[PDB]
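Trainee: what would the 3D arrangement of this be:
(chains A, B, C, D, E, F, G, H, I, J, K and L, ligands or ions: 2)
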Amino acid sequence: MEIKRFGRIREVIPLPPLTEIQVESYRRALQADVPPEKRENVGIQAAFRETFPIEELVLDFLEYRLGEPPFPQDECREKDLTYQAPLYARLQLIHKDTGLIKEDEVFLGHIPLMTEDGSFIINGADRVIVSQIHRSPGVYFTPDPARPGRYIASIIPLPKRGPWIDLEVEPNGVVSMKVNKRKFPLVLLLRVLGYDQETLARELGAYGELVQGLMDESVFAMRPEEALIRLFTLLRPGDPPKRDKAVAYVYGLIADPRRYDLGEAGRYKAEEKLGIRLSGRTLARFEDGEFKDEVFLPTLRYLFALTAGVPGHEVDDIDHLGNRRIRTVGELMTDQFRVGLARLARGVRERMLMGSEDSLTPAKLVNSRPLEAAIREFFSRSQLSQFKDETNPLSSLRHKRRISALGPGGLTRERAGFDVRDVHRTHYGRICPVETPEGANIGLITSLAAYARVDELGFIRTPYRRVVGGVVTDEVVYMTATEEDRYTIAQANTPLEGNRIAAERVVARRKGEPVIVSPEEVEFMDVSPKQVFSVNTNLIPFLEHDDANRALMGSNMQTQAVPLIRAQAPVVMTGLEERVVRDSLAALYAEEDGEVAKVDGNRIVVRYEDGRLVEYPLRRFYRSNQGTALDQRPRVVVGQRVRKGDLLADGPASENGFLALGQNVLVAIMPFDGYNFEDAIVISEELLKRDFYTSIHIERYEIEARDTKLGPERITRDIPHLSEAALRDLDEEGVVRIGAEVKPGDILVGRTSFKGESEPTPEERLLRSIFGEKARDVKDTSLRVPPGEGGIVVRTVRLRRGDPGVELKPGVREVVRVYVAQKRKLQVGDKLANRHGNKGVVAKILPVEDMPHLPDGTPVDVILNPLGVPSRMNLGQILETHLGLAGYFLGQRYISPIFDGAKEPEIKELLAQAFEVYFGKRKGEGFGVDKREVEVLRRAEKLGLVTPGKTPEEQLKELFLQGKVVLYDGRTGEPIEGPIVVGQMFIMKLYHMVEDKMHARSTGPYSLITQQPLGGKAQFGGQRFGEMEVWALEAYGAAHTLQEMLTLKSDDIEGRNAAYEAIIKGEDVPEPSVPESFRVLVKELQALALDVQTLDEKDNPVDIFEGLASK
Amino acid sequence: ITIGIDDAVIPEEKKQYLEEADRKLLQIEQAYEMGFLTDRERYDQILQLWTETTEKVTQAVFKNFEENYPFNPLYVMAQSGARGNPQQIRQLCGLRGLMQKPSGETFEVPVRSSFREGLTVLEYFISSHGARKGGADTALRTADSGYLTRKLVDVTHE
Amino acid sequence: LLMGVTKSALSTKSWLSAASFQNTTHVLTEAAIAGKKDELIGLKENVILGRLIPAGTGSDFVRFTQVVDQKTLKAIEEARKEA
Amino acid sequence: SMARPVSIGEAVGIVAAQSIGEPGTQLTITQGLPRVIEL
Amino acid sequence: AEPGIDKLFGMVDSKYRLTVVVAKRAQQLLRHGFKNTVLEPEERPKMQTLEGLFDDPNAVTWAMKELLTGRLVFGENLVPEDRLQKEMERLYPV
Amino acid sequence: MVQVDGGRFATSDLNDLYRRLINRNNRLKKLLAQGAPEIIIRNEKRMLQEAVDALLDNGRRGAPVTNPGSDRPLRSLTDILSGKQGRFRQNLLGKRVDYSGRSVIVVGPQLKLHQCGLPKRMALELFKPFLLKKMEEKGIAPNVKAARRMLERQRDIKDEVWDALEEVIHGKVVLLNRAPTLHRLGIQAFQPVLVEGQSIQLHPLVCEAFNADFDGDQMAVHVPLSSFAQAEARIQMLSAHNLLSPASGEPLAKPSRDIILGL
Amino acid sequence: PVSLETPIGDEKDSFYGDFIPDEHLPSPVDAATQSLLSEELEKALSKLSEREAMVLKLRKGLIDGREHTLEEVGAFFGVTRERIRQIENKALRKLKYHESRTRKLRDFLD
Amino acid sequence: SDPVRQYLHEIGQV
Amino acid sequence: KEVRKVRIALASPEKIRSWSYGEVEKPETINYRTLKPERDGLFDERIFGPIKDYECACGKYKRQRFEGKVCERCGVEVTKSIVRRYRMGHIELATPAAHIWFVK
DNA sequence: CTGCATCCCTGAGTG
DNA sequence: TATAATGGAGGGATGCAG
RNA sequence: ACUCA
Ligand SMILES: [Mg+2]
Ligand SMILES: [Zn+2]
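Mentor: Numbers count the residues shown, from 1 in each chain, chains lettered A, B, ... in the order given. Ligands and ions are numbered 1, 2, ... in the order given. This is the structure:
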């Protein structure tokens, strides 16, 4: 079909590699494809260089190398393995006394490898390392909140890389330095650095009254050694002030590059703010036996010049994106690598003392367990390491571009006020102002802008076109916020004739401030509107017409869209739906030009120009992390000529290379019998008939048979006391057969466990005697289908003990996995949503005959209530519906770019072209205007919609240009008394489905200590009746219902047992007893040496333990 | 009852009020550059002018609805109390209005566009500040409200 | 004396209520020193004890109300008259 | 809730607390919920 | 709404006393198998099954209807508890 | 100290704190018996005091004692008693309960004010023991054990048990609740109408008191068991009996949205 | 072993031990089933004579908890051990017949 | 407040 | 009798010893091979009660016909296992220790 | 004034 | 059971004590 | 923690 795209803005550059923030970060961190001699001192190389040489025998580092993965990605996902590469390090042990050298390559374990799409495979599960925003290290100057005319100087290194130092001018006049919560006069530390009164007087004397507050005679009287011992006594009281100890401590605190590490960005920010040059990333140096200052004097000078009001000195905006930087995958992984390496170095140093001081190899000296433990900890249990969101490809694409202010080394939720969550003016082009979580995490979790990229220092940069004179060049400069604040940047929609600015007045920004400016003052220009918003936000057509609060929900809900079996791209696109499928490697493309040799459901074989025959296998019906089916379908035919970059196979939720998160349905905006009341949605049974919004979902079940002290657990078809009807679909070994239908209660894998030793009750003795049948040795522990689940068994995986290639955790004989899939049709309670924030649950599925329908008999698909539009102020869906009506009758789709798309006149023109097809067809078919159409036109000209006096066709066209049509009620056949908006809308089926969320419980599992029911549907748990529900029951005065909640329905053991027996016997429920959690409270208070006594009216003790706890 | 894009009716008075506000802003800038009023007084006068212009365009929206389109969907829903309030209808059909910086200080330039006309990327980014600030306000306020409710329950329960 | 809702709730005579509110250690230490006895007057105490709260159908005002049909009522009346 | 004299036994303090607290999330030139808590 | 709920609230000084009376009367009806009812055969609450009209199993509906009739007497200290229980067990055995 | 599913062992931190205490106490006794100098005895006594402090209230004084290879402080008795997760607020002033369920809500315009749509399977689970008794009264099962064994498998469920469940719930009411429960109308009593499907059907007029809408909200269901609880729910808690706000005295169940629009 | 207080999620809101059921204490269903078994056993034993039901109750431990030998039951009833064995066998015969007739105790065989 | 430092100080007195 | 009041008060060492069914003298928990509780340990059945209802540790007395009996061989009382939620132990300190609640 | 100690929404899902 | 070894970091409120 | 209300 035809695809019409609007907009006159020409983007000089395409979108960057959307997952490059992960890929390039990790590639720079590993440096695997760089030959070891040509590596830079970065990442793993920097960590090794920092940890070594280990001095004490001297152990030094030469070079590392990374091997090839022992298993591929698919095998890792299959076998619960980490996709990783072996790490080796060539170390030479040197004896500086002997000169002896023993060199060896030691194995340091494995390091997880990032896949092509920017994710990891940890213990079989896909995971993403979310980038972390934080304060950039450096030297900042903030206003002192207590004293207005004063300021605080803050020296901040990298996280975990040293203390924060605070320089302050105390009210008494002396300058204080704050380190590790202790304060002292900065003059003492300056004296340790070797400064004398002459130097300070000549250096800082230009700022009048502060240098005298800096002067202290007793400190200048004593030489730097006495000052060093004095400072050590101030910082470490009680520690005997041995001079070498003081040297070591002060060096490790300030001058040690191993214990103190300003950022490379920190060094750059310090050099740029103070106007100096750093020889390293420490605040001072230990050179020629003494201490030499680096940072302290420039910072103190800047502080004094700022306090004195010396011009050219400013305070720092700490939320400015020039002072806030991103730590990506490589940096966090390298930090944990460095920690593990330091622990390994401690082990090495301890080994260089014990044992034989002569016979030692690098292999004997190195224990790699700390390093492996640190890396495994980071990748498995860190907060920034998250379960990959692969609901649809866009889910993972967005997940990889996430930015978190939380996590280790960052904010807690209470530490986050309004300042951090705010949208800063420097977020322009860097951080999306729309896409952020609704609720407690708002402002803390954000998304990277579309055109943004993180530089090597960690600052987000955005592109701008250079403007010389009045001409806009095609050269683009990626700027940081700090450099962006220098220029006057015009908007991307400023009129142009050629490369020349065609407007006499342009809209521009100066330090984020909007301004009207002459074309001679234009230094740069925006690349595109797309650069201001994230990837998800850039997929919302007519975004300029949607309120931001609802566009947020649209962006966040595109993530939750479920891949449909008949998924299709929207009729109104933004132009990004192809590129998203491209960069999220779900779809398959051709490497070079060539011809398709073979097309199968499982594979595609292509013969390229090179003559080489390349076979691409297709992922078919694979289960994602969230249960959605990831499967690739071939889009080419045998003998087809393809070019470089042509589509070969469609991934999940993609149609011919375009992103397909939902379906295009014929929607009518009107109330309907209160079934769309309060955002609810009414749908047509025709949607289920033609399998719209039907999705495939796979669930994974697992069971282990292990060795017990009572005998082995066995996976077997022989299960005690079971009928052949129960064992029908199990094979010889006890595993359910592939293709069988399983429902709740059915057996997936049969298993027997040896009965725990137990004396049969006398009742069992008499029963056994009556029936004369021996009680079996084993008990039925088979895995069964939980309530509400089931489907078709598509796969079984079995792993035993003693078969080639597999080894389980200790004690486990065998493990069996069963994969069950299900085709889910749309039903009542499932959640739908569009890209504009309109979301609702399906409340009614009507038969086709009850659906409102067009005059030509076409029924609508979805009925949306118009009451959801005015308060929400998201008009983008309305324009989408109008343009979708136009494209529905013209048989074409559209690309309406963001902030530069189809405007109302063009939509009116397309609607006229569509009305011609919609009505002249009828008129040629030999039919005139309907009677009910005439009545609707009467009521419409009463509404001022159509001009009175025109022909019925002219008035119907006037209505059609407004996007409204005559609609017939399928129940009566009479029309709706007014013209109604009808058109094609793109609606998605979200991951929230009633089938997953419906749950109920009579009785079930209880907790160990509290004896209260467990929680969760997965544990068959009960609903929590919290404090506020108790408040509700109290305010109602419902005492017995509340007491049932507190006793019979939970943790009153006698009470609940007697209640169940009474109800199954038809008797009324008994009087409740003492809640077991109260006895738990009594005993836990006794463990705190407190006597809690229940007393009667006579103040006599009452035993709620019934003699069981008293001797 | 339905909602098309034409059901958000821009009053003819909007252009008149906007040109009047522009001539007034030019007068204020001229009275500033001649040193009659400070930066403070000029900023306050701009804010007040735009506030009164916003009120004027709101009243124009609702008067045009009342006189020429009394059965307009937005107007019916707002008047009946079924949905919507005057300020949301103003954002739909009039102007979006003044937005505030993260500091709470208000921008000199207002958002002249409405959601039917569509904003500019600059205006949208300017509105995002207030949107985010309101979201954070609600998120941090729910906890205080619940804490207060629990305090009151504990003090009045007997 | 005027004290806020927090201090007033912490100062109540019932130590179960105060200890279930806030500052559990302080309340419990002072109550254990004083040998305090909770009379189970309020609602939180009886909720902790799993008791029937002194409100609504649990109020002593309506709790002991009896129901009897006129047939059995008159039978009991004749039985009590003949004693 | 019934437009009639309250019945003996009605837990009145709980109703007071709930009535005061329920609109708390709606409190916004105005001091608002901080003022309510201050009082 | 429950039928005649306004008149039922009119019978009592406290709504919770109405609740107590209804609950205790329902307990009586359940314990004695509805054969202690003050209702007439045409006043018996009915329930529509697939077979047809049967007696309403819900004792609370029964008790509210009986209370609406006025043939029940409620109050405090009308009779000792043991004497009441045993005269009821004599008039309507288990 | 319990053995979990896979045969692994899980234990409380109080055991480790008690072990620290007992080790230090026995070491102190042995050091006293062997006549150690006063420096050693003093160190051991101070360690014993620190261990008792750790057992009673860890982190109260000094650094919190942690398990090896972990920064997680061990959970002492004081931590068990106090806090949002403490014993009082988690297990005493509130509990998880039996005979409760939860599902996504859907607007039920055809419902009367005192009614709510309840899914069939939810009702079968919530009223399960009543249903067993009814299936024993009718000839559906020989006894309660056979009725439960029959309900266990979903394919063994015939259509007469649904009629029996209809007979069970007759006249009874259930409690619907939506979090957050800000005022007493966050819980309301409704007569259940059994419905096919998995969604709870809520009456429109009560959506304002629950602050409920249908963009994905879920509600919890509870079954009052006794005749007393059922009477309390039908008389005091019934939705149709609470029409005015206890705060303002104004009508709370009143027309809104589409109703106002049409009128 | 591993700590029961091991956190689940990076919220402080849940523990590992909260997901571990109690397998020791009988569920309400199991206690109800055992009570119904005892009651059905007494119903079936009432269909015997008092003497031949008492013989079975004494031999299988339903009384006093211990399983008496044939000599002890015979000496308690003043008969010969062969006599008590015979009346035990005929009581078991009547029990099996009533079981085949009423099919009451089958469901408790699991 | 630090038991290790206190014990080391006590050790340093002999 | 019905509970009308709840009293809380300090506990003397005498009252603590009156609560205790025995002294936990060992830091042992359960045996590494048998998985049974270690004697004089934190889970000792001789102190806190039997693991299984009306059954001693070694298995000499296994039914309710003995209740209140204390097995001579293993030293466990035959009662309901529920007592393991109730019965307290105690540790006799060699030196008094301050309750931190009354200190901090 | 400074230092330490305490509460800071609920329910639900998943993992 | 014996070479000698000797110190390891971005909130805010109010309620206490020095 | 992440998500929903
Ligand atoms: Mg909602
Ligand atoms: Zn024994």
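
Trainee: and the residue of chain C found nearest chain B, how many residues sit next to it?
Mentor: Of chain C, the residue with the smallest distance to chain B, taken as C-beta to the nearest C-beta, is residue C:42 at 3.2 Å. (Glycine included, C-beta is placed from N, CA and C.) With neighbours defined by other C-beta atoms under 10 Å in any protein chain shown, the count for residue C:42 comes to 22.

Trainee: show me the residues around residue F:16 that make contact.
Mentor: Contact analysis of residue F:16 by C-beta atoms under 8 Å, 6 or more residues apart in numbering or on different chains lists F:67, F:74.

Trainee: so which residues of chain G form helices?
Mentor: Here chain G has its helices, by DSSP state H, at G:28-45, G:50-60, G:70-76, G:81-102.

Trainee: which stretch among those is buried most, on average?
Mentor: Greatest average neighbour count among the helices of chain G goes to helix G:50-60 (a mean of 20), per mean count of other C-beta atoms under 10 Å in any protein chain shown.

Trainee: list the contacts of it.
Mentor: Counting by C-beta under 8 Å, 6+ apart, A:762, A:765-766, A:769, G:45-46, G:48, G:62-64, G:67-68, G:70, G:72-73, G:76-77, G:84, G:87-88, G:90-92, G:94-95 sit against helix G:50-60.

Trainee: quick check: angle from it to helix G:28-45?
Mentor: 140 degrees (axes from the mean of the first three to the mean of the last three C-alpha atoms, to 10 degrees).

Trainee: what angle separates helix G:50-60 from helix G:81-102?
Mentor: Using the same axes, to 10 degrees, helix G:50-60 lies at 100 degrees relative to helix G:81-102.

Trainee: how far does helix G:50-60 sit from its chain's centre?
Mentor: Counting by C-alpha atoms, centre = their mean, to the nearest Å, helix G:50-60 is centred 15 Å from the centre of its parent chain.

Trainee: please apply the same query to stretch I:83-98.
Mentor: Centre to centre, stretch against its chain (C-alpha atoms, centre = their mean), the figure for stretch I:83-98 is 9 Å.

Trainee: that stretch vs chain G: in contact?
Mentor: No: judged by C-beta under 8 Å from any C-beta of the partner chain, stretch I:83-98 and chain G are separated, with a smallest distance of 9.7 Å.

Trainee: report the contact partners of the residue of chain C closest to chain B.
Mentor: Taking C-beta under 8 Å, 6+ apart, we find residue C:42 in contact with B:157, B:158, C:12, C:14, C:17, C:54.

Trainee: are we agreed that the third one is in a strand?
Mentor: No: judged by DSSP: H, G, I helix; E, B strand; the rest coil, residue C:12 forms no part of a strand; its state is coil.

Trainee: from ligand 2, how far out is it?
Mentor: For residue C:12, the distance to ligand 2 (C-beta to the ion, to the nearest Å) stands at 51 Å.

Trainee: ok, that residue - contacts?
Mentor: Residue C:12 makes contact with B:155, B:158, C:18, C:42, according to C-beta under 8 Å, 6+ apart.

Trainee: related to what we said a few turns ago, out of everything not next to it in sequence, what's closest to the residue of chain C closest to chain B?
Mentor: Spatial nearest neighbour of residue C:42, excluding adjacent residues (C-beta to C-beta, 6 or more residues apart in numbering or on different chains): residue B:158 at 3.2 Å.

Trainee: number of residues surrounding that neighbour?
Mentor: By the other C-beta under 10 Å criterion, the neighbourhood of residue B:158 contains 18 residues.

Trainee: can I assume it is in contact with residue C:43?
Mentor: Yes: because the distance of 6.5 Å satisfies C-beta atoms under 8 Å, residue B:158 is recorded as touching residue C:43.

Trainee: in contact with the residue nearest the centre of chain B, which residues?
Mentor: Compute the mean C-alpha point of chain B, and by C-alpha atoms, centre = their mean the closest residue is residue B:97, 4.1 Å away. Residue B:97 makes contact with B:50, B:54, B:90, B:91, B:110, B:111 under the criterion C-beta under 8 Å, 6+ apart.

Trainee: could you look up the SS state of the first one?
Mentor: Right, the one you point to is residue B:50. Applying three-state DSSP to residue B:50 yields a three-state assignment of helix.

Trainee: same deal with the fourth one?
Mentor: Reduced to three states with three-state DSSP, the structure at residue B:91 is helix.

Trainee: list the contacts of it.
Mentor: For residue B:91, the set of contacting residues under the criterion of C-beta under 8 Å, 6+ apart consists of A:547, A:873, B:97, B:114, B:115.

Trainee: follow-up on the earlier one: ok, which pair from the contacts of residue C:42 is furthest apart?
Mentor: In these, the most distant members under the criterion C-beta to C-beta are C:12 and C:54, with 15.2 Å between them.

Trainee: who's in contact with whichever residue of chain B sits closest to RNA strand L?
Mentor: Here chain B gets closest to RNA strand L at one residue, residue B:142, 8.1 Å apart by C-beta to the nearest atom of the strand. The neighbourhood of residue B:142, defined by C-beta under 8 Å, 6+ apart, consists of residue D:25.

Trainee: again with residue A:187
Mentor: Applying C-beta under 8 Å, 6+ apart to residue A:187 gives the contacts A:174, A:175, A:214, A:215, A:216, A:219, A:220.

Trainee: of all the contacts of residue B:97, which comes closest to residue A:987?
Mentor: Nearest to residue A:987 out of the contacts of residue B:97 is residue B:91 (C-beta to C-beta; 25.2 Å).

Trainee: who in chain E is up against chain C?
Mentor: Of all the residues in chain E, those lying near chain C are E:14, E:16-17, E:19-21, E:23-25, E:28, E:36-38, E:71-79, E:81, E:83-84, E:87-88, E:90-91, going by C-beta under 8 Å from any C-beta.

Trainee: repeat that with 7 Å
Mentor: Proximity of chain E to chain C is confined to E:14, E:16-17, E:19-21, E:24-25, E:28, E:36, E:38, E:71-76, E:78-79, E:83-84, E:87-88, E:91 under the rule C-beta under 7 Å from any C-beta of the partner chain.

Trainee: ramachandran coordinates for residue C:66?
Mentor: In this entry, residue C:66 is assigned phi and psi values of phi -110, psi 150 (degrees, to the nearest 10).
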